[PDB]
Protein chains: 2
Amino acid sequence: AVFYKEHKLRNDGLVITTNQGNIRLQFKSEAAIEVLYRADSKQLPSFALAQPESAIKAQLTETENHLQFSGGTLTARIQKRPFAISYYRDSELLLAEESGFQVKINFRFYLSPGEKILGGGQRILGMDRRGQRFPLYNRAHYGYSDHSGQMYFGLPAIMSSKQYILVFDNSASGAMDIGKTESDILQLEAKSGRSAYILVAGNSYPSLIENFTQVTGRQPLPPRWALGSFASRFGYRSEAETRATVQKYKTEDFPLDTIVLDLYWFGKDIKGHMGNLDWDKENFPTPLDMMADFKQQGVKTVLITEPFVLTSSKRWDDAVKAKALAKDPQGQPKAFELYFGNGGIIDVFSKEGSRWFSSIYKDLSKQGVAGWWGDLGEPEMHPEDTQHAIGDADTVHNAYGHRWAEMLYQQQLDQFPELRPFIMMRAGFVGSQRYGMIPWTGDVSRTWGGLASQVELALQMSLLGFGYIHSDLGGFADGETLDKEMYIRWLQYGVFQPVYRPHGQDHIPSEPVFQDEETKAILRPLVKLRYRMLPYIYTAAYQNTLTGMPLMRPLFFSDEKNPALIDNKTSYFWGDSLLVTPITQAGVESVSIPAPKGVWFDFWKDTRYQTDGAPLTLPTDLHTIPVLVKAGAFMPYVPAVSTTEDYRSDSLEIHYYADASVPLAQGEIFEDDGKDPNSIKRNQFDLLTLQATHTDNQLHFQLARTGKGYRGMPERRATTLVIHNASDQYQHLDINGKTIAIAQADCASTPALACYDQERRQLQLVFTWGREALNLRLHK
Amino acid sequence: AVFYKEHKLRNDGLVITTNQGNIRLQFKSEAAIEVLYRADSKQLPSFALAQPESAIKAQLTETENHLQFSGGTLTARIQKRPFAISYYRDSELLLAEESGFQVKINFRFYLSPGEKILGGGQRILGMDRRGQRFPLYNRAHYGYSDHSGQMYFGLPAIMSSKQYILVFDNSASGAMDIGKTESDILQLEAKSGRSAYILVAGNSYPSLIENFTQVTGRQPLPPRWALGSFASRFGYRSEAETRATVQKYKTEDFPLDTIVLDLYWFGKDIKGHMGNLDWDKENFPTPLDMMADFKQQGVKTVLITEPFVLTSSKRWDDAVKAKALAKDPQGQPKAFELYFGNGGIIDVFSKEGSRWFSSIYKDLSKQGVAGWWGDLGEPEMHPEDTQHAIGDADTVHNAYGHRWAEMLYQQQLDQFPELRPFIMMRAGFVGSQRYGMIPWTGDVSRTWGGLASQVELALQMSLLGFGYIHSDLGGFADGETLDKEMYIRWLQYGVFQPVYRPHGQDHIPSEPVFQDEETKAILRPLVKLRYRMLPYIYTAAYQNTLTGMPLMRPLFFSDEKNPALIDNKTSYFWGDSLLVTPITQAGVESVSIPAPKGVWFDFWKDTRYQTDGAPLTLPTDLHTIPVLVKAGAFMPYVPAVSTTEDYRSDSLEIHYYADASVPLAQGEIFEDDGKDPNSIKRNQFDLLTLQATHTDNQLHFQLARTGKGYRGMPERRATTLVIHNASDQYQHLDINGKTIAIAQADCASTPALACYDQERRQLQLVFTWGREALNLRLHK
Ligand SMILES: O=C([O-])C(=O)[O-]
Ligand SMILES: O=C([O-])C(=O)[O-]
């Protein structure tokens, strides 16, 4: 039995006293509220909040049986007897406590009939997780395929079809029961840790996500090289092998930005060396030269690191001396049996551990390391009696990787304030994106099932803050011989998901350059396409930094009033304009694409489709996967380069997909130096905008640029605008009022300013796009 | 009747007095003698000699009936009565005067029975010109195909199967009669000008050419961009069209280094504007921006210029005021009716004309022009009564273009001492290569016959000093629709001849980017190959600067004791290692290749051929032309780039064609900054050497580098050495004494240091080639 006794509004937080203790309510924004139970006691701080101490001005109103604590859009309705809080956006009930807070810690909420619930982070259970129960305990799931209730990167958070996000702001071993045990009850449980939750509301899914990232953190724009081709395997055994792989990309003519070194860089065996955190000079004899030589070819070097320091490693004595490792209750360094050997864990929650670990990253970065890979951050093994500075293993578990990213992010920004950190990790917490965390979906099997699960995983993570979630392309775990068709499909999908990083255990090659001729003939133009598409992808990344909008969006964004779409885990949007349907089984001869109502074009073949709702059936081929372009799309391209270090936009090629059904369309292209972490905040960019206005007798484009520009920005770009499905009735073109004839033949064989290709229904305009506004008007 | 009267030896020249006048003999080297008749009178100076005032120490000996004037290798034997000079190398008679000098000026020599005679410069008559008579008067031959006795660039010089070169060092309207009128008489004639000839000897064809260029001039190494892809037509009509063409290369993914602007850059019509020598702002409104924008994309701009200033042009009044034009006997500017209109000719032989013309080049170069095209330098029209500073038109005619190149070369070196001039001209004289002249074979027809004549022309010019002779690829003149198969064959041949410059009248596209899909699919990888092969071509260019060795060599170099080979005009060597046989007729299904005795490989298919003399029959296909690689060849490649401005050799791929028949082989790769005119003289280069030693049980490679290097030179190059026709019996590899196992599987699918591919008979070695010597030893 719990009931209201009294409250105090100051400041600007509401502090309620019940017969069972204090509860603190604070708005972190007009759309998000933090609710802290046991507010009177010492607890771990928030991890989910970017500004935990925030509390914006809200209004409090009182009635006989209720209190109301209201922000701009979100309202908390506090029922006095019995005590229960419920949350409203406008006058719409979003979520209501049932028993609310109990005591172990326990939160119980009602679920509404028909309410669909995404969330929990990485699970393979179906997009709607209602009817499921699972632990909140980051844990490896080696070789997973088509099912998992628990893997590397869980999130103690859900997104509802009612368009709210609920966060359990607790870092401890726990569980989530989404109407499994009791049909109408959502239950959150933890063995210890912070007793708080955060509710965020929105009026649309994009707004919800914008509001969520506003209070949990926005991802800083990654370096542009993060969008390029990575060479990776587990693992290059030597400097010679590493150099030979960089060379193979050059001689096979595949783009390459970054080569990634797994654990052999610090030891010749898988076991026994972890913690050395320094070069194995027997096998990597001249690493500074190696990294400098790669830099000369525009190629970055990334090294793997782990939380564990083995007692057999060269740094054990020093880590103990430094007090860098987590301790046992007795006060000794805690050592335990990992796969790799007996060892301890670096206490990133401590001053000593952070300083010690950070110094090592600084040293290696100074030697030439450009980016960082942190593996096993669950932590993969984490005995319950391990003691960190701020609590035992079970209490801090799901925040270890989160703090590790914060430590590394701060370290990198301190060392290189003019560069954007690259931090790729396996496990984090709500908000880890604010430290630039780029997660991957762990040690996936080399099976079709492993591939078929990746869209579900990516969308689940993307919706709750992680735009750069991706997979080991081609599959990672076990296998005895390459499944060629699977590999090809995986690397094709790879082009249209956030990070292009094929990676697998090295008894089977993961890099595309080591594949057979047919495989390379298929993949080479696609890896090149990835680079040609950089303006499209980098612009989506820019939007992700601005608003949290994920690069991969679920089908359900297309119709927010159709909750059934939430179940779709087979087609997704890559940016605004491409509907992608990966092939995830062998021998598939055709696909049924649930394209939203409207006009769509085959990305590969230019075929125009129109639909009022019924799905579209497309045949498959081995060299592509099915991708449809939304009518009204501006698809921007630059010439392929081998490395983003050579990126130039002096030449732009833009394809506009015209249809009268889209009378107004807009496109944008974000350009900056690809590297300045402050480019957005300081307006050091060149933002290109395109607007199409399509009427019965005219099609006109308005082109403009804003921003203060940047060093090396082109003043004038040669631009080729290719209008697909263009009318054969346009007689003339005006550019800023100057009338120009449209040629009707030989468009590919003359340097024509404007030409219509009747066989392709494409109208091509070639012009100079300078700093002043440009208007191009086509008229019948 | 002519007889000896007396002589005087000083100094170090021999001055002979006959009853008819004085004759001066001077050795310009140990292998070359200048013979000047009428030595007592004022004459035009030598044009052919790089150091006209040279006279090395020779020995004079006298007998009753003879004088002997001898240098290191060449001896002049002077018979006293009747007077006649003959020339000997060792004790071998090379050439004997018949009547020798007469008076118009006339030289008569005996030809030996069976002696074959190349020479005369551009003619289409057969490689051996003996039995032919033709004028020495540079003259246009618009639309030539398969025959010409007189075209743009004649040379008053011959090369004999006796291995001497004879130069008629005379610039005037003349003629050459090579045993036509009289079977055993070579006759040289001129209406006026210098009465001198130069004989150069050698002990082999390469030595002869080395000796010839020693005294006539060596070509300075061109900028590396001269070896790249040129966009050209007659002609881009506007800045917009020019920019659109640069853009088309970018969007079609063809390499492009340079775009070339024909006469529309200075006027909207073909007639009436020549002499404006300034931008037509109506059609090229922002040329400084245009050139700067191209430079940002690594693309150079070259402009056409001509000798003629029309009375209708904007510069007529000023040229007259400056006294820049040739005059009539009366002293007025000489005006005459050219195709383009009434106009005069710039007197490049005068101080005033040179200063005036040079100032105009300086101005345009300062604006951003990177290289220069001088058309119509025959001069195309040149009335006999035109007076230049040093003589009338007929007297100086064949040296006009020569002096024009000298003027421009000096101008460019004065303006940009740290760059190599690019000067492309149609007409010159013996020695013009010393001013960097890059000639092309004029306005060739768009016919198979026009293509079929190009090897003959190129070889004739190459042998007598012009390594960069090339053709308007695809054909230039007339035509009404593209002959697609002809065009393709011409641009394929283009890859294996000195300058890659498709160019034609613009009613049919000359650029490969404006061709149909099939044409582009065929040509794109070949234009890319041109760039991948830059280390091979640029190294041949280096050798040409060093020794005069032409880039294209005739088949007859392969066996100097087989004079019948001299007739071959259908196969030639591109550098040392490639025997190329262009396809020069439609529908050819196979070719008979007269490969020299030895082992040869199909460049495209790796097929091994062996022959003891009989020709090799190869089938043709549309995507290649037949090219054989000589066993022992080291073929070096770098990754394709879009422009030589981006050239890097951090990654090398070298293919060695092994065969036991070649127990010793050598290769070299010349690397410098691609631009420094002084790189060779100052040793600012990186010269890579490879030596193969192939015995019954071992194959070993010795790799080394010399030179002082240059700014940006890579210290360490990732190198992939691919050994073709490698034994399947090599068990191990030592690199500098460190033994390494050779893998026997999965060579394309692993980062192996050494791997043998049994199906391809290729052994691949991947390693780091640093500054120290490297020895790689394979042993059975
Ligand atoms: O858009 C149009 O009107 C057309 O396609 O003709
Ligand atoms: O060269 C060899 O000896 C061979 O091919 O086995």
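Every residue, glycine among them, receives a Cβ derived from its backbone with ideal geometry; neighbour counts consider all protein chains shown. Every read-out reported here was derived from the displayed coordinates using simple, explicitly stated rules and does not represent laboratory data.
Once the other residues with Cβ under 13 Å from the Cβ of B:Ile117 are scored (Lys, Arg +1; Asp, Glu -1), what is the net sum?
Charge balance in the 13 Å sphere: +2.
Taking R0 as 35 Å, what FRET efficiency do you get between B:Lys271 and B:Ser590 from their Cβ-Cβ distance, rounded to the nearest 0.05?
With a Förster radius of 35 Å, E is 0.15.
Take A:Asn106 and A:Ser661, extend 7 Å from each Cα along the Cα→Cβ direction, and tell me the distance between the two endpoints in nm.
So the label points at A:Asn106 and A:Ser661 sit 5.3 nm apart.
Only sites in a loop by DSSP and with at most 16 other Cβ atoms within 10 Å count here; which chymotrypsin sites (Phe, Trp or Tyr not before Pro) in the stretch B:590-670 make the cut?
Taking the stretch B:590-670 and a limit of 16 other Cβ atoms within 10 Å, the loop chymotrypsin sites (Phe, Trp or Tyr not before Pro) found are B:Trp604.
Evaluate peptide B:744-751: per residue, the Cβ atoms of other protein chains within 10 Å of its Cβ; return the mean as an integer.
6
So who's got an amide H within less than 5 Å of the one on B:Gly119, skipping anything under 5 residues away but keeping other chains? H placed 1.01 Å off N, in plane.
For B:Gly119, the qualifying residues are B:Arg129, B:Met159.
Give me the net charge of B:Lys8's neighbourhood, meaning all other residues with Cβ under 14 Å from the Cβ of B:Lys8; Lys, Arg count +1, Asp, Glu -1.
Here the count lands on -1.
Could you tell me, in Å, what Rg and Dmax come out for the Cα atoms of the stretch B:1-116?
For the stretch B:1-116, the Cα radius of gyration and maximum Cα-Cα distance read 13.7, 39 Å.
Could you give the nm distance between label points at A:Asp746 and B:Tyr339, where each point is 7 Å from its Cα heading toward the beta carbon?
Rounded to a tenth, the inter-label distance reads 2.0 nm.
Along the Cα-to-Cβ line of B:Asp646, 7 Å from the Cα, sits a label point; which residues in the stretch A:496-532 have backbone N less than 18 Å from it?
Inside the label zone: A:524-532.
Per 10 Å bin from zero, what fraction in whole % of the C-alpha pairs of the stretch B:386-543 is there, up to the bin with the longest pair?
10, 32, 33, 19, 5, 0
With a Förster radius of 45 Å, plug the Cβ-Cβ distance of B:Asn203 and A:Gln296 into 1/(1 + (r/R0)^6) and report the FRET value to the nearest 0.05.
0.50
Cut-off is 10 Å between beta-carbons; in what order do B:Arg777, B:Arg446, B:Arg682 appear when sorted fewest neighbours first?
Least crowded to most crowded, the residues run B:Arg682, B:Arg777, B:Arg446.
Please report the net charge: other residues with Cβ closer than 9 Å to the Cβ of B:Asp169, K and R +1, D and E -1.
0
Sequence neighbours fewer than 8 away in the same chain don't count; with that in mind, list the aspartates and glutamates whose C-alpha is under 17 Å from B:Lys323.
Partners within reach: B:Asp347, B:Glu352, B:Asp392.
Label the stretch A:587-653 by shape, choosing from rounded, prolate and oblate, from the square roots a ≥ b ≥ c of the eigenvalues of the Cα gyration tensor; if a/c is under 1.5 it is rounded, and otherwise prolate applies when a/b is larger than b/c, oblate when it is not.
Taking the square roots of the gyration eigenvalues as a ≥ b ≥ c, the stretch A:587-653 is oblate.
Measuring label to label, 7 Å along Cα→Cβ, what does A:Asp621 give against each other copy in nm, shortest first?
Relative to the other copies, A:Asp621 has label-point distances of 2.1 nm.
What's log10 of I(q)/I(0) for the protein assembly as shown at q = 0.04 Å⁻¹, Debye sum over Cα points only, no solvent?
The Cα Debye sum returns log10 ratios of -0.34.
Quick query: amide H of A:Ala743 versus all other amide H atoms, modeled in the peptide plane; which residues come in under 5 Å with a sequence gap of 5 or more or a different chain?
Result for A:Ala743 returns A:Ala754, A:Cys755, A:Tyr756.
How big is the dipole moment of chain B about its Cα centre under a simple scheme where the beta carbon of each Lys and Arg is +1, that of each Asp and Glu is -1, and everything else is neutral? Debye, nearest 20, please.
Roughly 1620 debye, rounded to the nearest 20.
Which chain A residue puts its Cβ closest to the axis that rotates A onto B, and at what distance in whole Å?
A:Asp646, 4
In whole Hz, what ³J(HN,Hα) sequence does the stretch B:118-133 give by Karplus (6.51, -1.76, 1.60; θ = phi - 60°), x for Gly and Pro?
In residue order, the calculated couplings are 7, x, x, x, 6, 8, 10, 9, x, 4, 8, 8, 4, x, 10, 10 Hz.
Set the bar at 22 Å for Cα to Cα. Now go through A:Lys738/B:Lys520; A:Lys57/A:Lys191; A:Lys569/A:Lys630; B:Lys314/B:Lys362; B:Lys597/B:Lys630 and name every pair that lies beyond it.
A:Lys738/B:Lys520; A:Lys57/A:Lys191
Suppose only helical runs count, i.e. DSSP H with n ≥ 4. What mean residue ellipticity at 222 nm does that imply for the protein assembly as shown under -39500 (n - 2.57) per run, divided by all residues and rounded to the nearest 500 deg cm²/dmol?
Value at 222 nm, helices only: -5500 deg cm²/dmol.
Please give the residues of the stretch A:284-309, grouped as numeric ranges, whose backbone N is less than 20 Å from a label point set 7 Å along the Cα-to-Cβ vector of A:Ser359.
Flagged as within label range: A:305-309.
Testing the spin-label approximation: label points 7 Å from Cα along Cα→Cβ at A:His623 and B:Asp317. State their distance in nm.
The two pseudo-label positions are separated by 6.4 nm.
Choose one of B:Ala84, B:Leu60, B:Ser148: the residue whose Cα lies farthest towards the positive end of the charge dipole of the stretch B:1-198 (beta-carbon charges +1 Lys, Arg; -1 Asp, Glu; about the Cα centre).
Among B:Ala84, B:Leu60, B:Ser148, the one farthest towards the positive end of the dipole of the stretch B:1-198 is B:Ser148.
Over all alpha-carbon pairs in the stretch B:39-91, figure out the percentage whose distance exceeds 12 Å.
72
May I ask which residue of A:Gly587, B:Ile740, A:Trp448 lies farthest towards the positive end of the charge dipole of the protein assembly as shown, with charges of +1 (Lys, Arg) and -1 (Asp, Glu) on Cβ and the Cα centre as origin?
Towards the positive end, the residue furthest out is B:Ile740.
If the viscosity is 1.002 mPa s and the temperature 20 °C, what translational diffusion coefficient in µm²/s does Stokes-Einstein give for the stretch B:1-198 when Rh comes from Kirkwood over Cα pairs?
124
Ordered by residue, what ³J(HN,Hα) values in Hz, to whole numbers, does the stretch B:277-287 give under the Karplus form 6.51 cos²θ - 1.76 cosθ + 1.60, where θ = phi - 60° and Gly and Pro are x?
Computed from phi, the couplings for the stretch B:277-287 are 6, 6, 5, 7, 5, 4, 9, 10, x, 9, x Hz.
So, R0 is 22 Å and r is the distance between the beta-carbons of A:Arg77 and A:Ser54; what FRET efficiency does that work out to, to 0.05?
Here the calculated transfer efficiency is 0.50.
Which whole-Hz couplings ³J(HN,Hα) result when phi for each residue of the stretch A:51-66 is put into the Karplus expression 6.51 cos²θ - 1.76 cosθ + 1.60, θ = phi - 60°, listed in order with x for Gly and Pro?
Calculated HN-Hα couplings, in order: 10, x, 8, 4, 7, 7, 5, 10, 10, 10, 10, 10, 10, 4, 10, 9 Hz.
Dividing the Cα convex hull volume of chain A by residue count, how many Å³ per residue is that?
About 165 Å³ per residue, rounded to a whole number.
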